[PDB]
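Here the protein sequences line up with chains A, B, C, D and E, keeping their order. FYI, in the working numbering the residues of the first sequence are 505 to 676. FYI, in the working numbering the residues of the second sequence are 825 to 1469. FYI, in the working numbering the residues of the third sequence are 124 to 288. FYI, in the working numbering the residues of the fourth sequence are 876 to 1128. FYI, in the working numbering the residues of the fifth sequence are 79 to 201.
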Amino acid sequence: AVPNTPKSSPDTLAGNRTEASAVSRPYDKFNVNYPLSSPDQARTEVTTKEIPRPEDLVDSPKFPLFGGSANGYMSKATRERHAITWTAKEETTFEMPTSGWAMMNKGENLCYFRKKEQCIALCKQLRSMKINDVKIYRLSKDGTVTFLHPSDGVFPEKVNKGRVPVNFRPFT
Amino acid sequence: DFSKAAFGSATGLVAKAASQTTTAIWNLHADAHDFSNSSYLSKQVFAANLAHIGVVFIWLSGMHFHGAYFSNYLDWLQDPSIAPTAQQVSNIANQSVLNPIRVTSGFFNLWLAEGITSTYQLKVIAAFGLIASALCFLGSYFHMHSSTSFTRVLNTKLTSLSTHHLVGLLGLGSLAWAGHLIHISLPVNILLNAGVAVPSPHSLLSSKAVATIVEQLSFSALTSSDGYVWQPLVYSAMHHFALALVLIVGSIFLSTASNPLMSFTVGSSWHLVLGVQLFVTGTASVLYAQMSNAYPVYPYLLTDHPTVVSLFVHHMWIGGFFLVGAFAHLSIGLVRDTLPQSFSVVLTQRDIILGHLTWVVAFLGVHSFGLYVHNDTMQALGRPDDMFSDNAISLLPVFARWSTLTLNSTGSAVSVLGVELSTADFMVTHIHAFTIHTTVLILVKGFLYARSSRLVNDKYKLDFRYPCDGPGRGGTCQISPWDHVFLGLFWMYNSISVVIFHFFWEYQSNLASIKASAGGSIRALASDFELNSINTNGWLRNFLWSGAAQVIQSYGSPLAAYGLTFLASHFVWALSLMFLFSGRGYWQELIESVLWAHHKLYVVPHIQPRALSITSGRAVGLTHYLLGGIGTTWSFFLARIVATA
Amino acid sequence: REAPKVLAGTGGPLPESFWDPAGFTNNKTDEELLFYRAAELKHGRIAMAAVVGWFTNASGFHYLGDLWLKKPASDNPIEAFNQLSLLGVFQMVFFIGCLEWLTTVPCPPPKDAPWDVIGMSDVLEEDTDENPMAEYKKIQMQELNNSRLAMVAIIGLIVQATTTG
Amino acid sequence: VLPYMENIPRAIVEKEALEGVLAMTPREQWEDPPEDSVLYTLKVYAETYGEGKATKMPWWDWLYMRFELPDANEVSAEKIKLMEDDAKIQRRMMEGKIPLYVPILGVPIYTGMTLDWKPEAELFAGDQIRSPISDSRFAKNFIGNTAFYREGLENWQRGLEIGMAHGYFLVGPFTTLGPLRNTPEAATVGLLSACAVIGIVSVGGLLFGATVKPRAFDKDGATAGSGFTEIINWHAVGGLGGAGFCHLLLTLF
Amino acid sequence: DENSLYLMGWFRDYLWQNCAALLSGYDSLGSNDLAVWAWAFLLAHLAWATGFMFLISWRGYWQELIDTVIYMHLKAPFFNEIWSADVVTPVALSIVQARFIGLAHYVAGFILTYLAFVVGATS
Ligand code: CLA
Ligand code: CLA
Ligand SMILES: CC1=C(/C=C/C(C)=C/C=C/C(C)=C/C=C/C=C(C)/C=C/C=C(C)/C=C/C2=C(C)CCCC2(C)C)C(C)(C)CCC1
Ligand SMILES: CC1=C(C/C=C(\C)CCC[C@H](C)CCC[C@H](C)CCCC(C)C)C(=O)c2ccccc2C1=O
Ligand SMILES: CC1=C(C/C=C(\C)CCC[C@H](C)CCC[C@H](C)CCCC(C)C)C(=O)c2ccccc2C1=O
Ligand code: SF4
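Right, here's the structure in full:
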């Protein structure tokens, strides 16, 4: 719909969001190994086939029982998306990070959010409800998927091998 | 045992080293009535309510005691035009100037409406009020310590509670008051207005008095019963009888089988009930404030102008405070509930509702204050014909000037209440609407963005009252529902201050206009409000600066107390500015230096001095701001309306 | 004789009370019967609004015309309309013409429901048995019954006036 | 059922009341109800009273029990369980289709229609929600047929139409409600002011096209913001035209 | 020498007394040469209270409100095609910026109020 959402594609409305962020904010860049801490840290790779962009999913079976809300991300106004892929043991209710309530599926579940903070809040809520394997992904403008949160497979609360200290200052 | 547990909070405070700080004391005060969720929460709430009822009974007993002993109530009965004073002031220091304090609470008019003619009756009422307070304290004790859990009253026994309140409390109280009116408040006022002496009130319940002296049931009695001070009591008695009948009939003719609190926890249910109750009480207070001067109901009430002004302003302030507290407790109930799925439609239309209200507030503010600033600019530029006034571009409130309808045996209130409105009324009413909308915007935003928001996505994990989430995301200060209530209290203060300013200026303008003389019948505009309340300069000159002469020239007069409270209110209001503008960290470092000074002299307090927390500092600043502003308006209004009326 | 199934139990003394006592339904295609329902609903909505306008004009709530005439307008809605300047009457005609144009050229109504000029059938689901609060057919019948009643009520008002005063 | 909910005397609780309490309480909640639940107090009174247990109780304790326990009708009536089941089915459905209330006199009044609030394309999109004001066919074909969106219109046509509308509107609030209201040249001054406002907003639109370059109207190839800039230029032209037409209709007639 | 001992003197005889002519800069009767200074008096009070706004209310509230306003803009017709909030994103003033701007309004109203009062009193 044209009054509900702008008629132009998100890329058309974005204009030159890239090549201007590199100019407006030349400091805003990710390090060579963003989700991880060391170059030799496996760096599991996922593609759009595994976690597709939300505009390519309509009535997906992995979506939870969500009725839609005005508090979701800005389609056609933002292109970055964060996705959560967690597997349930039973169908129960949970709070969406954007307010409102959704009901989890019996098996696989998949949600899309704009900010990573919403995904991390949902992960905290789910882990408080005894849920493992909560994987958080990031969707870029061109569809490249970056795997986040349990980046090396082990949650950051638990120390794991192969994790080089970062921003560690050897004094008080 | 119980005495040991009375200071149990202090014992717990000193038990752990983490609670050996002044911040622990301030938390102990802030979390005093915040009854935590437990098996005895409902007992605690009900007992606290009964204790408050006992406190109010103590207050009523004290007021009747002052009326009995420290008031010129009998002299006021002999001459209602005299100043009602009910607070003697002893000769200590040098305060003897204000020894008779003109009380403006309307207790004299109330007691006259109750048929009270002797100070012995006031003594009896004070004694029975003390007895009732003692009974309420006994009942509150009992319920807190030995009674039912009361946990079923809001979910299970809500039908019984609502039906009892509908029939017994409300209807039977209205019926009993109608009986009291008809039997002792009408006859006593008849015998006082006629000046034929008043017998004992019980002698009116004899079936041989005027009840059977004449059986005529209309406006005809001994000699000539033409007292118009008496008719409002007749109308009140008829209203109470009709209200009792309709309440009793409709209570049994109502479903009442719909409790929306099934999905809420007991604590959240209590908070939501408190919020809706506060909304109802606040709107009732505002309605009574309007109706007090809209309709005469107490004997010799309209004549006593300070009483009318005080009743209006006090009830407007109480209504505004309770309306804000309504949204405060709605936010508390929403954020403290585990599964508050009931507000799903509004939490999913969060941004839609908030943004439409934002546009409404922006539109109203720009339009109303732009009318005011445009009038200011045009009058400054010497362009009175370009202003917004009756002699210029006229913003006549047409929707106000129509209430005509088919009669069907009606009268009086079938019109605009016999008052014509002008451009000034239109503009000030739109200012009122805008300020109310902004207060509602802040409160509704606090309610909606209570569990989550686009900025912080786990605000429900932060509970109701938190200072911030941090300086991140650009800064997240004042996101809590508590902080939204904190800002909404300022905007309620602004709204109610403008409302009472409008009422006070209109009241003084009407008093001056009716003081035409008798021959002067072209009031033109005159109507100082209608002619000058169109500019901000008009207000600042002809209302604030003009009426401040009474309160600032009160030294050496009985209103010197009002002058001193005016000054103290300004002082407290600037101290509020101190608390609101500053921050916790600086004061913490200052206290660190002061505490070093203490340690240098072996003083070393162990309750470690900590400055007020961020939320505590905001609350102290808001309390001082409200106190200072409301006290300034209180002193100003009372001095102006007592000296000049 | 039963309903033509394109109307399908949508009126009468009861909802399934196909009432036509004139043969205005037989041998008529579904488009024509949909047109009949659209005309009935438009006439209704216009009436239902006109009755409220009449009773709010005959009750003294006649601003915007109190100001235009610069004097209190007549309570009688026919005389009140006659008091209006031809500029105002033709402005009303032009606005209704613009509204009718809107619902034909740029915003044509749904083919299967020409009465749905707002296109409400694109956001509402239906009345279903899983819905405990399903009342869409009930509110459709409320609209139709109040439409049919106000269609004769407004004529009663108009012909009662201008012939009795 | 559970052993303690068997042969409970009517004095403690009615049979219908017990059935209603069980109906409104989750099945897993039994055998260990929470302290604040009705079922917990009903259980506590179920023991120590009935069959071989204590058959009598003091009057004060009887009053306590009566206050703390339901009384079947109007509290645990079958209609109340029906309403609770309806409410839970409603909340299940709103995760999906939402019933439509409208706030009338400040209180939400149910209409009878149920919306499709769930977005058509992206479930978690915050701006793809469906409302009759923004998703009904009238809205789609009204905003879609406006000059800014109407199919078959060149950029200059959109600009000209929007400008004509804006210019004809803007002459209004200036001829009357202005400094030179009661003057013979009120219409001319209003026309000049409307043309000035059209020019200022057109300069603003040119500024937007030069800075943001919206690119939503550009044809193939071309340059970023060419379509929007053409729209704004023809909006200026149409604004002048519509303002002149309004001034003409004011001077005449 | 007598009324400066007590602060009600500082109000009545200084501020309330010396504002009599300034407020009459413009009224229903007309406007004189002090009209500009009464207008500046009001303007300075307005600036001072806007500083009150920036000092009392802090960021988070305003950031959420601005987020909702951005939602209204992005959902508004005829403008989502043109403004995607990517260019000069509207965010609430930072805490330091807000404190400075509130202080600036406070002192601007301070200076202009006292200048207008001095002119209206010593004219
Ligand atoms: C029926 C009325 C009512 C009731 C029963 C409650 C009950 C409650 N409120 Mg509440 N509230 C109300 C009205 C009410 N409120 C209104 C009208 C407002 C808007 C102003 C609020 C705003 C509000 C906020 C913002 C908060 C509460 C909170 C609370 C809870 C804890 C209260 C506490 O510990 O305070 C203890 C008692 C005090 C702090 C009293 C101290 C004195 C106050 C601050 C100033 C009084 C100054 C005085 C009038 C002037 C002095 C005289 C002068 C001459 C010197 C409790 C459930 C808190 C909570 O967490 O809830 C869960 C909370 O954060 N309320
Ligand atoms: C916001 C409140 C407000 C309002 C309503 C007015 C109104 C007015 N001012 Mg004014 N003014 C204000 C604030 C306001 N002022 C302030 C704060 C100042 C101080 C800077 C001034 C300073 C000022 C001066 C110095 C002068 C005026 C003048 C005027 C008059 C002519 C203005 C003009 O040309 O209109 C321009 C109007 C428009 C361009 C139209 C805007 C409004 C349209 C109709 C909105 C439509 C929205 C639409 C319905 C949306 C839905 C569309 C959808 C259905 C498709 C007019 C009576 C002049 C005068 O003397 O006249 C008496 C004049 O010389 N003003
Ligand atoms: C009332 C109403 C409405 C509506 C509103 C509106 C929106 C209005 C508007 C209106 C308008 C707004 C209109 C307009 C018109 C315009 C015109 C009419 C124009 C014209 C122009 C022209 C014609 C021009 C021409 C030219 C050119 C083109 C250029 C050159 C020059 C010339 C001049 C040639 C609604 C539905 C909402 C609802 C309620 C009712
Ligand atoms: C001053 C100040 C403090 C310091 C306040 C403290 C340490 C409170 C302690 C003050 C004492 C308790 C004052 C005691 C009362 C006074 C002596 C006045 C009352 C009695 C007189 C009238 C006689 C804060 O902690 C703070 C925190 C956040 C924002 C702003 C501020 C702030 O402005
Ligand atoms: C009102 C308010 C805002 C909102 C105010 C904002 C966002 C600034 C207002 C901008 C004014 C209205 C000008 C808007 C832009 C103009 C068109 C000028 C543009 C100038 C640039 C081109 C340089 C805050 O961001 C804030 C932050 C922290 C504490 C308190 C507050 C606060 O009180
Ligand atoms: S200034 Fe204070 S309230 Fe604001 S973010 Fe920083 S610590 Fe929190």
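All C-beta atoms in this analysis are idealised placements derived from N, C-alpha and C, irrespective of residue type, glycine included.
> Between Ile940 (chain B) and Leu946 (chain B), what straight-line distance do the alpha-carbon atoms span, to the nearest angstrom?
Replying inline: Counted from its first residue, the second sequence places residue 940 (chain B) at position 116. Counted from its first residue, the second sequence places residue 946 (chain B) at position 122. Each residue's Cα considered, the two are about 7 angstroms apart.
> Along chain C, which residues have their Cβ under 8 angstroms away from the Cβ of residue 795 (chain B)?
Replying inline: With chain B covering only 825 through 1469, there is no way to say anything about residue 795 (chain B).
> Which residue or residues does DSSP assign as beta-bridge partners of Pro978 (chain D)?
Replying inline: As a working note, residue 978 (chain D) is residue 103 in the fourth sequence. For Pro978 (chain D), which the question treats as bridged, DSSP gives the partners D:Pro983.
>> Using only the alpha-carbon positions, how far apart do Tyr1331 (chain B) and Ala1113 (chain B) sit?
In response: Walking along the second sequence from the start, residue 1331 (chain B) turns up at place 507. Walking along the second sequence from the start, residue 1113 (chain B) turns up at place 289. Their Cα atoms are separated by approximately 13 angstroms.
> Sorry if obvious, but does the Cβ on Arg1408 (chain B) come closer than 7 angstroms to a heavy atom of ligand 4?
Replying inline: By 1-based counting over the second sequence, the position of residue 1408 (chain B) is 584. Yes, Cβ of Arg1408 (chain B) sits closer than 7 angstroms to a heavy atom of ligand 4.
> Cα-Cα, which of A:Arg642, A:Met600, A:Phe659 is closest to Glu549 (chain A)?
Replying inline: Position 45 of the first sequence, counting from 1, holds the residue named residue 549 (chain A). Comparing Cα-Cα distances from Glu549 (chain A) to each of A:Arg642, A:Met600, A:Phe659, the minimum goes to A:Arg642.
> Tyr577 (chain A) by DSSP, collapsed to three states: which one?
Replying inline: Looking up residue 577 (chain A) in the first sequence gives position 73. Judged by DSSP in its simplified three-state form, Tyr577 (chain A) adopts strand.
> Of all Cβ atoms in chain B, is any one closer than 8 angstroms to the Cβ of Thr128 (chain E)?
Replying inline: Within the fifth sequence, residue 128 (chain E) is the residue found at index 50, counting from 1. Taking Cβ atoms only, chain B never reaches closer than 8 angstroms to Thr128 (chain E), which makes this a no.
>> Let me check you understand the geometry: is the CB of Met131 (chain E) closer than 7 angstroms to at least one non-hydrogen atom of ligand 5?
In response: Along the fifth sequence, read from residue 1 onward, the residue named residue 131 (chain E) stands at position 53. Yes - ligand 5 has a heavy atom lying nearer than 7 angstroms to the Cβ of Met131 (chain E).
> Around the C-beta of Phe130 (chain E), are 16 or more other C-beta atoms found within 10 angstroms, so that it is buried, or is it exposed?
Replying inline: Here residue 130 (chain E) is taken as the residue at index 52 of the fifth sequence, counted from 1. Only buried fits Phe130 (chain E), as 16 or more other CB atoms lie within 10 angstroms of its CB.
>> Which same chain residues end up closer than 8 angstroms to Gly836 (chain B) when comparing Cβ atoms and leaving out the 5 residues on each side of it in sequence?
In response: Indexing the second sequence from 1 puts residue 836 (chain B) at position 12. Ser843.
> What's the C-alpha gap between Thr989 (chain D) and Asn269 (chain C)?
Replying inline: In the fourth sequence, the residue the question calls residue 989 (chain D) occupies position 114. In the third sequence, the residue the question calls residue 269 (chain C) occupies position 146. Using only the alpha carbons, I get a separation of about 21 angstroms.
> Do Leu1096 (chain B) and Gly1157 (chain B) have their CB atoms nearer than 8 angstroms?
Replying inline: Counting from 1 along the second sequence, the entry for residue 1096 (chain B) is found at position 272. Counting from 1 along the second sequence, the entry for residue 1157 (chain B) is found at position 333. Contact flag set, yes.
> Would DSSP call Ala892 (chain D) helix, strand or coil?
Replying inline: For the purposes of this step, residue 892 (chain D) is taken as residue 17 along the fourth sequence, with counting starting at 1. Reduced to three states, the DSSP call for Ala892 (chain D) is helix.
> Can you check whether the CB of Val1053 (chain B) is closer than 8 angstroms to the CB of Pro1130 (chain B)?
Replying inline: Sequence index remark: in the second sequence, residue 1130 (chain B) carries index 306 (1-based). Sequence index remark: in the second sequence, residue 1053 (chain B) carries index 229 (1-based). Not in contact: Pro1130 (chain B) and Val1053 (chain B) (Cβ atoms no closer than 8 angstroms).
> Candidates B:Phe1353, B:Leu993, B:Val1020: which alpha carbon is nearest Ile1072 (chain B)'s?
Replying inline: Taking the second sequence and counting its residues from 1, the one referred to as residue 1072 (chain B) is at position 248. The residue with the shortest Cα to Cα distance from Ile1072 (chain B) is B:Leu993.
> Residues near ligand 3, CB to any non-hydrogen atom under 5 angstroms, in chain order?
Replying inline: D:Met1039, D:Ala1040, D:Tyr1043, D:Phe1044, D:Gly1116, D:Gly1117, D:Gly1119, D:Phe1120
>> Counting only C-beta atoms, is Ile1303 (chain B) closer than 8 angstroms to chain E at any point?
In response: As a position in the second sequence, residue 1303 (chain B) is number 479, starting the count at 1. It does; some Cβ of chain E falls within 8 angstroms.
>> Let me make sure I understand the geometry here. Which of E:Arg90, E:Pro155, E:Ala99, E:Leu83 has the alpha-carbon closest to that of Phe1390 (chain B)?
In response: Along the second sequence, read from residue 1 onward, the residue named residue 1390 (chain B) stands at position 566. Taking each of E:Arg90, E:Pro155, E:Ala99, E:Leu83 in turn and checking the Cα distance to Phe1390 (chain B), the smallest one comes out for E:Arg90.
> In the structure shown, what three-state DSSP assignment does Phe1288 (chain B) receive?
Replying inline: Locating residue 1288 (chain B) in the second sequence gives position 464, where the first residue counts as 1. Coil at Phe1288 (chain B), not helix or strand.
>> Considering only heavy atoms of ligand 4, does any lie closer than 7 angstroms to the CB of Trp1411 (chain B)?
In response: Along the second sequence, read from residue 1 onward, the residue named residue 1411 (chain B) stands at position 587. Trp1411 (chain B): yes, Cβ under 7 angstroms from ligand 4.
> Which one of A:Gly647, A:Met600, A:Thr591 has the shortest CA to CA distance from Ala1000 (chain D)?
Replying inline: In the fourth sequence, the residue the question calls residue 1000 (chain D) occupies position 125. Closest by alpha carbon: A:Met600.
>> Beta carbons nearer than 7 angstroms to chain A: which residues of the region 153-171 of chain E have them?
In response: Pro155, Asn158, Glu159, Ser162, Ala163, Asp164
> For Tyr104 (chain E), does the three-state DSSP call read helix, strand or coil?
Replying inline: Position 26 of the fifth sequence, counting from 1, holds the residue named residue 104 (chain E). Looking at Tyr104 (chain E) - three-state DSSP - the assignment turns out to be strand.
> Going along the chain, which residues of the region 229-256 of chain C sit with their C-beta nearer than 9 angstroms to a C-beta in chain D?
Replying inline: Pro229, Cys230, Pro231, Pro232, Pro233, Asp239, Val240, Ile241, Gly242, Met243, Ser244, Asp245, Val246, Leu247, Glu248, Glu249, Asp250, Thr251, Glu253, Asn254, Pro255, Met256
> Which residues share a DSSP beta bridge with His586 (chain A)?
Replying inline: To locate residue 586 (chain A), count along the first sequence from 1; it is residue 82. For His586 (chain A), which the question treats as bridged, DSSP gives the partners A:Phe617, A:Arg642.
> CA-CA distance, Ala956 (chain B) and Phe889 (chain B)?
Replying inline: In the second sequence, the residue the question calls residue 956 (chain B) occupies position 132. In the second sequence, the residue the question calls residue 889 (chain B) occupies position 65. C-alpha separation (whole angstroms): 14 angstroms.
>> Beta carbons nearer than 7 angstroms to chain D: which residues of the region 510-524 of chain A have them?
In response: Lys511, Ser512, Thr516, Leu517, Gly519
> Ends of the beta strand (DSSP E) at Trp1226 (chain B)?
Replying inline: Taking the first residue of the second sequence as 1, we reach residue 1226 (chain B) at position 402. Unbroken run through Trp1226 (chain B): none, as it is neither H nor E.
> If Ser579 (chain A) sits next to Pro514 (chain A), beta carbons under 8 angstroms apart, how far is it from one beta carbon to the other, in whole angstroms?
Replying inline: In the first sequence, residue 579 (chain A) corresponds to position 75, counting from 1. In the first sequence, residue 514 (chain A) corresponds to position 10, counting from 1. 7 angstroms between Cβ atoms; contact.
>> Just to confirm before moving on: does the CB-CB distance between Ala118 (chain E) and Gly187 (chain E) stay below 8 angstroms?
In response: What you label residue 118 (chain E) is simply residue 40 of the fifth sequence in a count that begins at 1. What you label residue 187 (chain E) is simply residue 109 of the fifth sequence in a count that begins at 1. No, the Cβ-Cβ distance between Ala118 (chain E) and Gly187 (chain E) is not below 8 angstroms.
>> Given 7 angstroms as the limit, tell me if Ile1438 (chain B) has its C-beta closer than that to any heavy atom belonging to ligand 4.
In response: Position 614 of the second sequence, counting from 1, holds the residue named residue 1438 (chain B). Indeed, a heavy atom of ligand 4 lies less than 7 angstroms from the Cβ.
> Taking Cβ to Cβ, would you say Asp1293 (chain B) is nearer than 8 angstroms to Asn575 (chain A)?
Replying inline: Here the question's residue 1293 (chain B) lines up with position 469 in the second sequence. Here the question's residue 575 (chain A) lines up with position 71 in the first sequence. Against a cut-off of 8 angstroms, the Cβ pair of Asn575 (chain A) and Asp1293 (chain B) comes out as no contact.
>> Judging by CA-CA distance, which residue of D:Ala921, D:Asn948, D:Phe1120 is the nearest neighbour of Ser1079 (chain B)?
In response: Start at 1 with the first residue of the second sequence, and residue 1079 (chain B) comes out as number 255. Nearest option by C-alpha distance: D:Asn948.
>> If you reduce the DSSP assignment to three classes, tell me which class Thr650 (chain A) lands in.
In response: Indexing the first sequence from 1 puts residue 650 (chain A) at position 146. DSSP places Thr650 (chain A) in strand when its eight states are reduced to three.
>> Measuring straight from C-alpha to C-alpha, what distance separates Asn1057 (chain D) and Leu152 (chain E)?
In response: For the purposes of this step, residue 1057 (chain D) is identified with residue 182 of the fourth sequence, where counting begins at 1. For the purposes of this step, residue 152 (chain E) is identified with residue 74 of the fifth sequence, where counting begins at 1. Rounded to the nearest angstrom, the two C-alpha atoms are 42 angstroms apart.
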